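Remarks on the structure that follows.
What is reported rests on the model, the rules as stated and the sources as named; no laboratory read-out is quoted. Here Cβ is always computed from backbone atoms with ideal geometry, including for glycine, and neighbour counts include all displayed protein chains.
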Ligand SMILES: CNS(=O)(=O)c1ccc(N/C=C2\C(=O)Nc3ccccc32)cc1
């Protein structure tokens with residue numbers, strides 16, 4: 001669009017490139033996403049514009065010109081990944097971790113109530129500002145249409161084609177653990193490796209802990225049998241309230257995994273506050 005001046009490439013995505021750009025007709029700074037056009041996609045994207053919430057990156061406009069699609073979003077200066085790297089030596093203080101988690105759950109609860117899944121949550125999709133807020137980006141873009149498998153729910157890796165809102169809670173749980181320990185929970189480099197790293201930590205699932213798991217499309221009776229490890233070993237500094245919530249976010253059975261709404265009332269958030277982080281832009 002000749003109506004936008006590309007400032008710089010912010011990065012590539014699962015559905016296109018993202019640029020920081022200025023709207024020559026408004027002077028506004030925005031995030032321009034050039035998508036890499038089906039009618040359903042246009043309508044699916046159209047719904048996302050009505051999805052307004054303080055913890056969701058706002059979709060400002062949809063420009064469909066010359067059979068090409070560009071999405072205009074609000075712009076935030078930093079993603080959680082860069083923030084974690086910058087805090088690698090000291091770690092993110094618990095009060096801030098708690099604040100970010102609490103806000104993300106509010107965001108997810110809102111999206112889920114409208115039946116909008118993410119299905120691709122990860123640090124690069126979480127944006128923060130100088131105000132202490134954090135927002136979900138690239139929401140609901142999955143349905144409308146090497147990649148990291150570190151945050152993928154087990155039901156997805158096992159071939160379930162009708163996943164639910166529970167897949168986002170799983171990803172959030174992985175991110176939660178990563179902020180606390182400062183290291184990826186399940187850093188797999190292939191689908192099977194990802195699955196096995198999960199099994200080696202939470203134990204290989206069976207019919208007892210996950211009814212119907214052995215009927216999943218990609219389930220194999222030949223999977224190695226690993227025992228479950230203790231969470232005190234997995235996320236050390238995290239207190240009992242935190243470990244309790246994390247475990248409910250990482251239940252194998254999607255139906256027993258905690259929902260965003262229920263997680264918001266968990267004791268872990270009893271003392272939540274909204275600290276302002278020290279950001280270097
Ligand atoms: C990786 N470098 S960084 O931290 O400087 C950095 C800076 C800005 C952004 N912003 C990205 C985005 C933004 O603001 N709005 C979006 C809507 C959809 C997808 C990505 C975005 C992401 C990362």
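I'd like the residue in the range 115-127 that is more than 9 Å from the ligand (Cβ to nearest atom) and under 20 Å from residue 274 (Cα atoms) and, out of all such residues, is surrounded by the fewest Cβ atoms within 10 Å (Cβ to Cβ). This residue is 123. Checking 128, 92 one by one, the residue that is over 30 Å from residue 216 (Cα atoms) and either in contact with a strand residue (DSSP E or B) (Cβ under 8 Å, 6 or more places away or on another chain) or not assigned by CATH to the domain that holds residue 238 (or both) is 128 and no other. In the set (1) closer than 25 Å to residue 233 by Cβ; (2) touching a helix residue (DSSP H, G or I) at 6+ places or on another chain (Cβ under 6 Å); (3) within 16 Å of the ligand (Cβ to nearest atom), the condition left unmet by residue 144 is number (1). Within 24 Å of residue 4 (Cβ to Cβ), surrounded by 14 or more Cβ atoms within 10 Å (Cβ to Cβ) and more than 14 Å from the ligand (Cβ to nearest atom): does that describe residue 66? Criteria not met by residue 66.
Would you confirm whether or not the range 152-168 contains a residue that is on the phi > 0 side of the Ramachandran plot, within 14 Å of the ligand (Cβ to nearest atom) and either in the same structural domain as residue 268 (by CATH) or assigned to a helix (DSSP H, G or I) (or both)?
no
Listed here are the helices (runs of 4 or more DSSP H) enclosed by the range 194-263 that have at least 1 residues being out of contact with any strand residue (DSSP E or B) (no Cβ under 7 Å at 6 or more places or on another chain) and within 16 Å of residue 164 (Cα to Cα): 240-249, 260-263. Contact annotation: residue pairs with Cβ atoms under 6 Å, 6 or more positions apart or on different chains, pairing a residue in the range 95-112 that is more than 12 Å from residue 169 (Cβ to Cβ) with a partner that is in a helix (DSSP H, G or I), are 97/179; 102/269.
Can you pull out the residues in the range 182-193 that are in a helix (DSSP H, G or I) and in contact with a helix residue (DSSP H, G or I) (Cβ under 8 Å, 6 or more places away or on another chain)? Steps first, answer last, please.
Going residue by residue through the range 182-193, those that are in a helix (DSSP H, G or I) are 191-193.
The answer is 191, and nothing else.
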